[PDB]
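S.K.: Supplied structure: my_file_24.csv, CSV, C-alpha atoms and all ligand atoms.
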```csv
chain,number,residue,atom,x,y,z
A,363,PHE,CA,-8.7,66.9,-70.7
A,364,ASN,CA,-8.3,66.0,-67.0
A,365,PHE,CA,-8.4,62.2,-66.6
A,366,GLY,CA,-8.2,62.7,-62.8
A,367,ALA,CA,-11.8,64.0,-62.4
A,368,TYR,CA,-15.3,62.6,-62.8
A,369,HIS,CA,-17.0,64.0,-65.8
A,370,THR,CA,-20.5,64.4,-67.2
A,371,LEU,CA,-21.8,62.1,-70.0
A,372,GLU,CA,-21.5,65.1,-72.4
A,373,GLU,CA,-17.8,65.6,-71.4
A,374,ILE,CA,-17.1,61.9,-71.8
A,375,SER,CA,-18.6,61.8,-75.3
A,376,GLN,CA,-16.7,64.8,-76.4
A,377,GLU,CA,-13.4,63.2,-75.3
A,378,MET,CA,-14.3,60.0,-77.2
A,379,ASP,CA,-14.8,62.2,-80.3
A,380,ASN,CA,-11.5,64.0,-79.6
A,381,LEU,CA,-9.7,60.7,-79.4
A,382,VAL,CA,-11.0,59.5,-82.8
A,383,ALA,CA,-10.2,62.8,-84.5
A,384,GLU,CA,-6.6,62.8,-83.2
A,385,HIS,CA,-5.9,59.1,-84.0
A,386,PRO,CA,-7.9,58.2,-87.2
A,387,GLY,CA,-5.9,55.2,-88.3
A,388,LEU,CA,-6.3,53.4,-85.0
A,389,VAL,CA,-9.5,54.4,-83.3
A,390,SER,CA,-13.1,54.6,-84.6
A,391,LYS,CA,-16.5,55.0,-83.0
A,392,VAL,CA,-19.1,52.2,-83.5
A,393,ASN,CA,-22.7,52.7,-82.5
A,394,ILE,CA,-24.2,49.4,-81.3
A,395,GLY,CA,-27.6,50.7,-80.1
A,396,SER,CA,-29.5,53.1,-77.9
A,397,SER,CA,-30.5,53.4,-74.3
A,398,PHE,CA,-34.1,53.3,-72.9
A,399,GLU,CA,-34.1,57.1,-72.9
A,400,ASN,CA,-32.7,57.0,-76.5
A,401,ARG,CA,-29.1,57.9,-75.9
A,402,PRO,CA,-26.5,56.4,-78.3
A,403,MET,CA,-24.5,53.4,-77.1
A,404,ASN,CA,-21.1,54.2,-78.6
A,405,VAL,CA,-18.1,51.8,-78.4
A,406,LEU,CA,-14.5,52.7,-79.3
A,407,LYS,CA,-12.8,50.3,-81.7
A,408,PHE,CA,-9.0,50.1,-81.6
A,409,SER,CA,-7.7,48.2,-84.7
A,410,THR,CA,-4.6,48.0,-86.9
A,411,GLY,CA,-6.8,46.5,-89.7
A,412,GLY,CA,-7.5,43.1,-91.1
A,413,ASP,CA,-10.1,40.4,-90.1
A,414,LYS,CA,-9.2,39.5,-86.6
A,415,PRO,CA,-10.5,38.2,-83.3
A,416,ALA,CA,-11.3,40.7,-80.6
A,417,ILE,CA,-11.3,41.6,-76.9
A,418,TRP,CA,-14.5,43.3,-75.4
A,419,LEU,CA,-14.1,45.6,-72.4
A,420,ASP,CA,-16.9,47.5,-70.7
A,421,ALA,CA,-17.5,49.8,-67.7
A,422,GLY,CA,-20.3,51.6,-66.0
A,423,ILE,CA,-23.0,48.9,-66.3
A,424,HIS,CA,-23.9,50.0,-62.7
A,425,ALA,CA,-24.4,53.7,-62.7
A,426,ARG,CA,-23.0,54.7,-59.3
A,427,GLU,CA,-19.6,53.0,-59.8
A,428,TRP,CA,-18.0,56.1,-61.1
A,429,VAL,CA,-14.4,55.0,-60.9
A,430,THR,CA,-15.2,52.4,-63.6
A,431,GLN,CA,-16.2,54.9,-66.3
A,432,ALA,CA,-13.2,57.2,-65.4
A,433,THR,CA,-10.8,54.2,-65.6
A,434,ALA,CA,-12.2,53.1,-69.0
A,435,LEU,CA,-11.7,56.6,-70.4
A,436,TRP,CA,-8.1,56.8,-69.2
A,437,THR,CA,-7.5,53.3,-70.6
A,438,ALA,CA,-8.7,54.6,-74.1
A,439,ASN,CA,-6.1,57.3,-73.9
A,440,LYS,CA,-3.3,55.0,-72.6
A,441,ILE,CA,-3.8,52.6,-75.6
A,442,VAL,CA,-3.4,55.4,-78.2
A,443,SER,CA,-0.5,57.0,-76.3
A,444,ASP,CA,1.5,53.8,-76.0
A,445,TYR,CA,0.7,52.1,-79.3
A,446,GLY,CA,4.0,51.8,-81.2
A,447,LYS,CA,6.2,52.6,-78.2
A,448,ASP,CA,5.3,49.9,-75.6
A,449,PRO,CA,6.1,46.5,-77.3
A,450,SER,CA,3.3,44.7,-75.5
A,451,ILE,CA,0.2,46.8,-76.5
A,452,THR,CA,1.7,47.0,-80.1
A,453,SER,CA,1.9,43.2,-80.4
A,454,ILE,CA,-1.6,42.8,-78.7
A,455,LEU,CA,-3.1,45.0,-81.4
A,456,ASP,CA,-1.3,43.1,-84.2
A,457,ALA,CA,-3.2,40.0,-83.2
A,458,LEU,CA,-6.5,41.4,-81.9
A,459,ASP,CA,-9.0,44.3,-82.1
A,460,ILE,CA,-10.1,45.9,-78.8
A,461,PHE,CA,-13.7,47.1,-78.3
A,462,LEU,CA,-14.2,49.5,-75.3
A,463,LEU,CA,-17.6,50.7,-74.0
A,464,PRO,CA,-16.9,53.3,-71.3
A,465,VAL,CA,-20.5,54.0,-70.3
A,466,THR,CA,-22.7,50.9,-70.5
A,467,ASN,CA,-25.7,52.5,-68.7
A,468,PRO,CA,-25.8,56.1,-69.9
A,469,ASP,CA,-29.4,56.8,-68.6
A,470,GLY,CA,-28.4,55.6,-65.1
A,471,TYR,CA,-25.1,57.5,-65.2
A,472,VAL,CA,-26.9,60.8,-65.9
A,473,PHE,CA,-29.5,60.1,-63.2
A,474,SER,CA,-26.8,59.4,-60.7
A,475,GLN,CA,-25.1,62.8,-61.6
A,476,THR,CA,-28.2,64.8,-61.4
A,477,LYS,CA,-30.7,63.2,-58.9
A,478,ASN,CA,-29.5,60.2,-57.0
A,479,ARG,CA,-25.8,59.5,-56.4
A,480,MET,CA,-26.5,55.9,-55.3
A,481,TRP,CA,-28.6,54.9,-58.4
A,482,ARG,CA,-27.5,51.5,-59.8
A,483,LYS,CA,-30.1,50.2,-62.3
A,484,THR,CA,-31.2,51.2,-65.8
A,485,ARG,CA,-34.1,53.8,-66.1
A,486,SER,CA,-36.6,51.6,-67.9
A,487,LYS,CA,-40.3,51.6,-66.8
A,488,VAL,CA,-41.7,48.5,-65.1
A,489,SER,CA,-44.4,46.7,-67.0
A,490,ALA,CA,-46.6,46.0,-64.0
A,491,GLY,CA,-47.8,47.9,-61.9
A,492,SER,CA,-45.1,49.1,-60.8
A,493,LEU,CA,-44.2,52.4,-59.1
A,494,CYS,CA,-40.5,51.5,-59.2
A,495,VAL,CA,-38.1,52.2,-62.0
A,496,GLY,CA,-35.3,50.2,-63.6
A,497,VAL,CA,-33.8,46.8,-64.0
A,498,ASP,CA,-30.3,45.6,-62.8
A,499,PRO,CA,-28.5,45.2,-66.1
A,500,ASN,CA,-26.1,42.7,-64.5
A,501,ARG,CA,-29.0,40.3,-63.6
A,502,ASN,CA,-30.6,40.5,-67.1
A,503,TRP,CA,-28.4,38.2,-69.2
A,504,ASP,CA,-29.4,34.7,-70.3
A,505,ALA,CA,-27.2,32.6,-67.9
A,506,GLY,CA,-29.2,31.1,-65.0
A,507,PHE,CA,-31.8,33.9,-65.5
A,508,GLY,CA,-34.0,34.3,-62.5
A,509,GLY,CA,-32.0,32.2,-60.1
A,510,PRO,CA,-30.5,33.0,-56.6
A,511,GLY,CA,-29.1,36.5,-56.1
A,512,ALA,CA,-31.5,38.1,-58.5
A,513,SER,CA,-34.9,39.5,-57.4
A,514,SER,CA,-38.4,39.4,-59.0
A,515,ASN,CA,-39.3,42.6,-57.0
A,516,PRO,CA,-39.1,45.6,-59.3
A,517,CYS,CA,-38.2,47.9,-56.4
A,518,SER,CA,-35.1,45.8,-55.5
A,519,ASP,CA,-31.6,46.8,-56.6
A,520,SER,CA,-31.1,43.3,-58.1
A,521,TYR,CA,-34.3,43.1,-60.0
A,522,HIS,CA,-33.7,40.9,-63.1
A,523,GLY,CA,-36.4,42.4,-65.4
A,524,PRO,CA,-39.3,40.6,-67.0
A,525,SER,CA,-37.2,38.4,-69.3
A,526,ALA,CA,-33.6,37.9,-70.3
A,527,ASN,CA,-32.3,40.7,-72.5
A,528,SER,CA,-35.4,42.9,-71.8
A,529,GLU,CA,-33.1,45.9,-71.4
A,530,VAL,CA,-32.1,47.5,-74.7
A,531,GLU,CA,-28.6,48.3,-73.4
A,532,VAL,CA,-28.0,44.6,-72.7
A,533,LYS,CA,-29.7,43.4,-75.9
A,534,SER,CA,-27.5,45.9,-77.9
A,535,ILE,CA,-24.3,44.2,-76.4
A,536,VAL,CA,-25.5,40.6,-77.0
A,537,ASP,CA,-26.5,41.4,-80.6
A,538,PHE,CA,-23.1,43.0,-81.3
A,539,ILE,CA,-21.1,40.1,-79.8
A,540,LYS,CA,-23.2,37.4,-81.7
A,541,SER,CA,-23.0,39.3,-85.0
A,542,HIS,CA,-19.2,39.9,-84.6
A,543,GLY,CA,-18.5,36.2,-84.0
A,544,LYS,CA,-14.8,36.3,-83.1
A,545,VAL,CA,-14.8,37.8,-79.6
A,546,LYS,CA,-12.3,35.9,-77.6
A,547,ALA,CA,-12.1,37.8,-74.3
A,548,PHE,CA,-14.8,39.6,-72.3
A,549,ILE,CA,-13.9,41.9,-69.4
A,550,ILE,CA,-16.3,43.9,-67.3
A,551,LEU,CA,-15.4,46.6,-64.8
A,552,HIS,CA,-17.4,47.1,-61.5
A,553,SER,CA,-16.6,48.9,-58.3
A,554,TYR,CA,-16.0,48.2,-55.1
A,555,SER,CA,-14.1,45.4,-53.3
A,556,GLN,CA,-10.7,44.9,-55.0
A,557,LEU,CA,-11.5,41.5,-56.5
A,558,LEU,CA,-10.5,39.9,-59.8
A,559,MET,CA,-13.1,37.2,-60.7
A,560,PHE,CA,-14.0,34.6,-63.3
A,561,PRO,CA,-17.2,32.7,-63.9
A,562,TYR,CA,-19.7,31.3,-62.1
A,563,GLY,CA,-21.8,33.8,-60.3
A,564,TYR,CA,-25.0,31.7,-60.9
A,565,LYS,CA,-23.6,28.5,-59.3
A,566,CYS,CA,-20.7,27.7,-57.0
A,567,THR,CA,-19.2,24.7,-58.9
A,568,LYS,CA,-15.8,24.9,-60.7
A,569,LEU,CA,-16.0,25.8,-64.5
A,570,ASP,CA,-14.1,23.6,-67.0
A,571,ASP,CA,-11.2,26.1,-67.4
A,572,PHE,CA,-10.7,26.7,-63.6
A,573,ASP,CA,-7.0,26.0,-63.4
A,574,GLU,CA,-6.1,28.3,-66.4
A,575,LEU,CA,-8.5,31.2,-65.4
A,576,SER,CA,-7.2,31.0,-61.8
A,577,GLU,CA,-3.6,31.2,-62.9
A,578,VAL,CA,-4.3,34.1,-65.3
A,579,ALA,CA,-6.2,36.0,-62.6
A,580,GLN,CA,-3.5,35.5,-60.0
A,581,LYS,CA,-0.9,36.8,-62.5
A,582,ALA,CA,-2.9,39.8,-63.3
A,583,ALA,CA,-3.5,40.5,-59.5
A,584,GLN,CA,0.3,40.2,-59.0
A,585,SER,CA,1.1,42.7,-61.8
A,586,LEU,CA,-1.5,45.1,-60.4
A,587,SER,CA,-0.1,44.9,-56.9
A,588,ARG,CA,3.5,45.9,-58.0
A,589,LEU,CA,2.7,49.6,-58.7
A,590,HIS,CA,1.1,50.9,-55.5
A,591,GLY,CA,0.9,47.8,-53.3
A,592,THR,CA,-2.8,47.4,-53.7
A,593,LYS,CA,-4.0,43.9,-52.9
A,594,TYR,CA,-6.7,42.1,-54.8
A,595,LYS,CA,-8.3,38.7,-54.0
A,596,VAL,CA,-9.1,36.3,-56.8
A,597,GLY,CA,-11.7,33.5,-57.3
A,598,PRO,CA,-15.1,32.6,-58.9
A,599,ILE,CA,-17.9,35.1,-58.4
A,600,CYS,CA,-20.1,32.8,-56.3
A,601,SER,CA,-17.4,32.1,-53.7
A,602,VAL,CA,-15.6,35.5,-53.5
A,603,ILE,CA,-18.5,37.9,-53.5
A,604,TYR,CA,-22.0,36.3,-53.6
A,605,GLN,CA,-24.3,34.3,-55.8
A,606,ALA,CA,-25.6,36.5,-58.7
A,607,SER,CA,-27.7,34.9,-61.4
A,608,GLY,CA,-28.1,36.5,-64.8
A,609,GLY,CA,-24.6,38.1,-65.0
A,610,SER,CA,-22.7,39.1,-68.1
A,611,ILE,CA,-19.5,37.0,-67.8
A,612,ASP,CA,-21.5,33.8,-67.0
A,613,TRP,CA,-23.3,34.4,-70.3
A,614,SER,CA,-20.1,35.2,-72.2
A,615,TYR,CA,-18.3,32.1,-70.9
A,616,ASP,CA,-21.2,29.8,-71.6
A,617,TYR,CA,-21.4,31.4,-75.1
A,618,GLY,CA,-17.8,30.1,-75.7
A,619,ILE,CA,-15.8,33.1,-74.7
A,620,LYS,CA,-13.2,31.5,-72.5
A,621,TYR,CA,-11.3,34.5,-71.1
A,622,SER,CA,-14.2,36.1,-69.2
A,623,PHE,CA,-13.3,38.2,-66.2
A,624,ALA,CA,-14.8,40.8,-63.8
A,625,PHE,CA,-12.9,43.4,-61.8
A,626,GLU,CA,-14.1,45.1,-58.6
A,627,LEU,CA,-11.9,48.2,-58.4
A,628,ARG,CA,-10.9,50.3,-55.5
A,629,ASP,CA,-11.7,50.5,-52.4
A,630,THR,CA,-12.6,47.9,-49.7
A,631,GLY,CA,-15.3,50.0,-48.1
A,632,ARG,CA,-13.7,53.1,-46.6
A,633,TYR,CA,-15.1,55.3,-49.3
A,634,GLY,CA,-17.0,52.6,-51.3
A,635,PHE,CA,-18.7,54.0,-54.4
A,636,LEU,CA,-17.8,57.5,-53.3
A,637,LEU,CA,-14.1,57.1,-54.2
A,638,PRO,CA,-12.3,60.5,-54.0
A,639,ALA,CA,-11.3,62.0,-57.3
A,640,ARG,CA,-7.7,62.0,-56.1
A,641,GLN,CA,-7.7,58.2,-56.3
A,642,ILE,CA,-8.8,58.0,-60.0
A,643,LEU,CA,-5.3,58.1,-61.6
A,644,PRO,CA,-3.7,55.6,-59.2
A,645,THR,CA,-6.6,53.2,-59.6
A,646,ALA,CA,-6.5,53.4,-63.4
A,647,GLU,CA,-2.7,53.1,-63.6
A,648,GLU,CA,-2.6,49.9,-61.5
A,649,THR,CA,-5.7,48.4,-63.2
A,650,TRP,CA,-3.9,48.8,-66.5
A,651,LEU,CA,-1.2,46.4,-65.4
A,652,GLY,CA,-3.8,43.8,-64.6
A,653,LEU,CA,-5.6,44.4,-67.9
A,654,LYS,CA,-2.4,44.1,-69.9
A,655,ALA,CA,-1.5,40.7,-68.3
A,656,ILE,CA,-4.9,39.3,-69.3
A,657,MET,CA,-4.6,40.6,-72.8
A,658,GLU,CA,-1.1,39.2,-73.2
A,659,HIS,CA,-2.4,35.8,-72.3
A,660,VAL,CA,-5.2,36.1,-74.8
A,661,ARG,CA,-2.7,37.1,-77.5
A,662,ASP,CA,-0.4,34.2,-76.7
A,663,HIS,CA,-3.2,31.5,-76.5
A,664,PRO,CA,-5.4,31.6,-79.6
A,665,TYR,CA,-8.5,29.3,-79.9
B,6,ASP,CA,-21.4,27.2,-36.4
B,7,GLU,CA,-23.2,27.5,-39.8
B,8,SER,CA,-22.8,30.4,-42.3
B,9,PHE,CA,-25.5,31.9,-44.4
B,10,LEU,CA,-26.2,34.6,-47.0
B,11,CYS,CA,-29.3,36.8,-47.0
B,12,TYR,CA,-30.4,38.9,-50.0
B,13,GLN,CA,-32.3,42.1,-49.2
B,14,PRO,CA,-33.6,44.8,-51.6
B,15,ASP,CA,-30.6,47.1,-51.1
B,16,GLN,CA,-27.8,45.0,-49.6
B,17,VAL,CA,-26.5,41.5,-49.0
B,18,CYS,CA,-25.8,40.3,-45.4
B,19,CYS,CA,-23.9,37.2,-44.2
B,20,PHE,CA,-24.6,35.6,-40.8
B,21,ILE,CA,-22.3,33.2,-39.0
B,22,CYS,CA,-24.3,31.6,-36.2
B,23,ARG,CA,-24.2,29.1,-33.3
B,24,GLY,CA,-27.6,27.6,-32.3
B,25,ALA,CA,-29.6,30.0,-34.4
B,26,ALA,CA,-30.4,30.9,-38.1
B,27,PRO,CA,-31.5,34.2,-39.6
B,28,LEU,CA,-35.0,35.3,-39.0
B,29,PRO,CA,-37.5,35.6,-41.9
B,30,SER,CA,-37.3,39.4,-41.7
B,31,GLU,CA,-33.6,39.3,-42.8
B,32,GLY,CA,-34.7,38.6,-46.5
B,33,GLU,CA,-34.0,35.6,-48.7
B,34,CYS,CA,-31.6,33.5,-46.7
B,35,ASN,CA,-29.8,30.2,-47.4
B,36,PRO,CA,-26.6,28.5,-46.1
B,37,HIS,CA,-23.6,29.6,-48.0
B,38,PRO,CA,-19.8,29.4,-47.5
B,39,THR,CA,-18.3,32.7,-46.2
B,40,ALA,CA,-16.8,35.2,-48.6
B,41,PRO,CA,-13.6,37.3,-47.9
B,42,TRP,CA,-15.7,40.4,-47.1
B,43,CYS,CA,-17.9,38.4,-44.6
B,44,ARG,CA,-15.0,37.1,-42.5
B,45,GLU,CA,-13.4,40.6,-42.3
B,46,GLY,CA,-16.5,42.4,-41.1
B,47,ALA,CA,-18.5,39.8,-39.1
B,48,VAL,CA,-16.3,40.0,-36.0
B,49,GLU,CA,-18.6,40.3,-33.0
B,50,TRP,CA,-20.9,37.7,-31.4
B,51,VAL,CA,-24.3,39.1,-30.6
B,52,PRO,CA,-27.4,37.4,-29.1
B,53,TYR,CA,-29.5,36.5,-32.0
B,54,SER,CA,-32.9,34.6,-31.9
B,55,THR,CA,-32.3,31.4,-30.0
B,56,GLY,CA,-28.5,31.6,-30.2
B,57,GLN,CA,-25.6,33.9,-31.1
B,58,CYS,CA,-24.5,35.2,-34.6
B,59,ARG,CA,-21.8,37.4,-36.1
B,60,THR,CA,-23.1,39.5,-39.0
B,61,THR,CA,-22.0,42.2,-41.6
B,62,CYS,CA,-23.5,43.5,-44.8
B,63,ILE,CA,-22.4,45.0,-48.1
B,64,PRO,CA,-24.3,46.9,-50.9
B,65,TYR,CA,-24.7,45.2,-54.3
B,66,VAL,CA,-21.3,46.0,-55.9
C,1,LIG,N1,-23.7,42.6,-58.0
C,1,LIG,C1,-22.7,42.1,-59.0
C,1,LIG,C2,-21.3,42.4,-58.8
C,1,LIG,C3,-20.5,41.2,-59.4
C,1,LIG,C4,-21.5,40.3,-60.1
C,1,LIG,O1,-22.2,39.7,-59.3
C,1,LIG,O2,-21.2,39.9,-61.3
C,1,LIG,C5,-23.1,42.8,-60.3
C,1,LIG,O3,-24.0,42.3,-60.8
C,1,LIG,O4,-22.6,43.9,-60.5
C,2,ZN,ZN,-21.6,46.6,-60.2
```
What would you get if you wrote out this structure as structure tokens?
M.R.:
Amino acid sequence: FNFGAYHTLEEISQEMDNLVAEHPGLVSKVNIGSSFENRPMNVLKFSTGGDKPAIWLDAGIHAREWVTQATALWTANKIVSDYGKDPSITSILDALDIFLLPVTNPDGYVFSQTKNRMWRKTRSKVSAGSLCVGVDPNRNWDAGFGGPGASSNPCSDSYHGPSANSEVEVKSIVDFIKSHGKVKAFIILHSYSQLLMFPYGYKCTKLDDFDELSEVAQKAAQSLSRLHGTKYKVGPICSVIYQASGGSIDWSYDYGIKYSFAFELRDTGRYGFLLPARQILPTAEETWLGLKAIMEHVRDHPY
Amino acid sequence: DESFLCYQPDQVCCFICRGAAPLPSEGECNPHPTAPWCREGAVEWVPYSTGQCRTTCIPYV
């Protein structure tokens, strides 16, 4: 399997199944729902066993950000390859389970690979009258739903949908998290801009855990930087990128999940969403150092 | 000079202006602190409306 190339959804699913079959005592596949076009929403669960808290990690909520899905897939392989050898991932997995959703919007991903390379949204049909397709799945969460930075126009790239959790992909994630009940970190991957962010996107005020989330984000950005010299900027969503009501980490934080972070991966605009395949591996490797720093902090600070 | 953010169907644009504000054709616009990306790209002063503005845009990311 070549982790340094973009793959079709069929290729991704096969590799997820190959991972499970070659590491049965550590990885399992959990289906949490289905897409609008009825494709299975499969999460990989990494666990050493026992009733324990968990970290949620997702990628590809926006179809066109192909470096995210590729990074999530390489990350799955990196956990299984390093478990038992690297002391840090080994001790992380003694304390916590990791849930990883590589392709959060499978319908959009396939549409972007076959018809439109810039597609962002889901592929649901609009309940109007509308002639436009799809909802922005990162404006559909119940956290300042409908506010600034989200549109009521179905033809917009930031359309919020008719109501919070209208998209089955999003409702499938919310239902899993609420049923699980012990999720302690929520991390979502987007591309581009090179930013490591924490709540609020729906408002520009400081959240209660500002000082701790800022320090954790700065430490992760530091660790990321050390491999290839790539520099990230850190801050709340609202001030470092833009206001964006109805986002996932605003929902997770307000639900009580304190370590809620968002990455904008590589690049800063030279290639944008069309990141060369030659940059997949360098992007995934350095992102792993940032991810590991955040998970170490979750491991060391139970709540 | 005041700084603004405008939401459009396919992109987000910031405007840094002196003696003007974005026109209604620029989308849904309100005053907003500048973000990192805005300062980097909005480098040139151009005649805008009744004044002058610097502007740059990014896609929803
Ligand atoms: N447009 C945003 C990027 C970061 C965010 O606002 O949370 C998103 O919804 O993907
Ligand atoms: Zn995105």
S.K.: As a VMD selection string, could you give me every residue of chain A near chain B (at most 8 Å apart, counting all atoms listed in the file)?
M.R.: chain A and resid 511 513 517 to 520 552 to 555 601 to 604 626
S.K.: Near residue 411 of chain A, within 10 Å and counting all atoms listed in the file, which residues show up once chain neighbours fewer than 4 positions away are dropped, as a PDB file with C-alpha atoms, keeping the file's coordinate frame?
M.R.:
```
ATOM      1  CA  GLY A 387      -5.900  55.200 -88.300  1.00  0.00           C
ATOM      2  CA  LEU A 388      -6.300  53.400 -85.000  1.00  0.00           C
ATOM      3  CA  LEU A 455      -3.100  45.000 -81.400  1.00  0.00           C
ATOM      4  CA  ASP A 456      -1.300  43.100 -84.200  1.00  0.00           C
ATOM      5  CA  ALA A 457      -3.200  40.000 -83.200  1.00  0.00           C
ATOM      6  CA  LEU A 458      -6.500  41.400 -81.900  1.00  0.00           C
ATOM      7  CA  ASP A 459      -9.000  44.300 -82.100  1.00  0.00           C
TER       8      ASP A 459
END
```
S.K.: Name each residue within 9 Å of ligand LIG 1 (chain C), counting all atoms listed in the file, as a count of residues only.
M.R.: 37
S.K.: Between A:652, A:543, A:415, A:634, which is the closest to ligand ZN 2 (chain C) once you count all atoms listed in the file?
M.R.: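 Nearest candidate to ligand ZN 2 (chain C) out of A:652, A:543, A:415, A:634: A:634.
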S.K.: Figure out the distance between atom CA of residue 616 of chain A and atom CA of residue 506 of chain A, please, to one decimal in Å.
M.R.: 10.5 Å
S.K.: Find the residues near segment 22-26 of chain B: any atom within 8 Å, counting all atoms listed in the file, skip ones fewer than 6 places away on the same chain, and give them as a PyMOL selection string.
M.R.: chain B and resi 6-8+53-59
S.K.: Quick one: pull the distance between atom CA of residue 585 of chain A and atom CA of residue 621 of chain A, Å, one decimal.
M.R.: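 Result for atom CA of residue 585 of chain A versus atom CA of residue 621 of chain A: 17.5 Å, one decimal.
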S.K.: Could you tell me which of A:588, A:391, A:483, A:581 comes closest to ligand ZN 2 (chain C) if we count only C-alpha atoms and all ligand atoms?
M.R.: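 For ligand ZN 2 (chain C), the nearest of the given residues is A:483.
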S.K.: Residue 492 of chain A: which residues within 10 Å, counting all atoms listed in the file, same-chain residues fewer than 5 positions away excluded, as a count of residues only?
M.R.: 4
S.K.: Just how far from atom CA of residue 449 of chain A is atom CA of residue 548 of chain A, in Å to one decimal?
M.R.: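 Rounded to one decimal, the two atoms are 22.6 Å apart.
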S.K.: Do a neighbour search on residue 592 of chain A at 9 Å with all atoms listed in the file, toss out local chain neighbours closer than 6 positions, and write the hits as a tab-separated table (two decimals) with C-alpha atoms, keeping the file's coordinate frame.
M.R.:
```tsv
chain	number	residue	atom	x	y	z
A	556	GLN	CA	-10.70	44.90	-55.00
A	586	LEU	CA	-1.50	45.10	-60.40
A	628	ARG	CA	-10.90	50.30	-55.50
A	648	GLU	CA	-2.60	49.90	-61.50
```
S.K.: Between A:486, A:437, A:614, A:431, which one has atoms that come closest to ligand ZN 2 (chain C), using all atoms listed in the file?
M.R.: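 Looking only at the distances to ligand ZN 2 (chain C), the closest residue turns out to be A:431.
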S.K.: Just checking: using all atoms listed in the file, which residue out of A:635, A:363, A:613, A:594 ends up closest to ligand ZN 2 (chain C)?
M.R.: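 Using all atoms listed in the file, the shortest distance to ligand ZN 2 (chain C) belongs to A:635.
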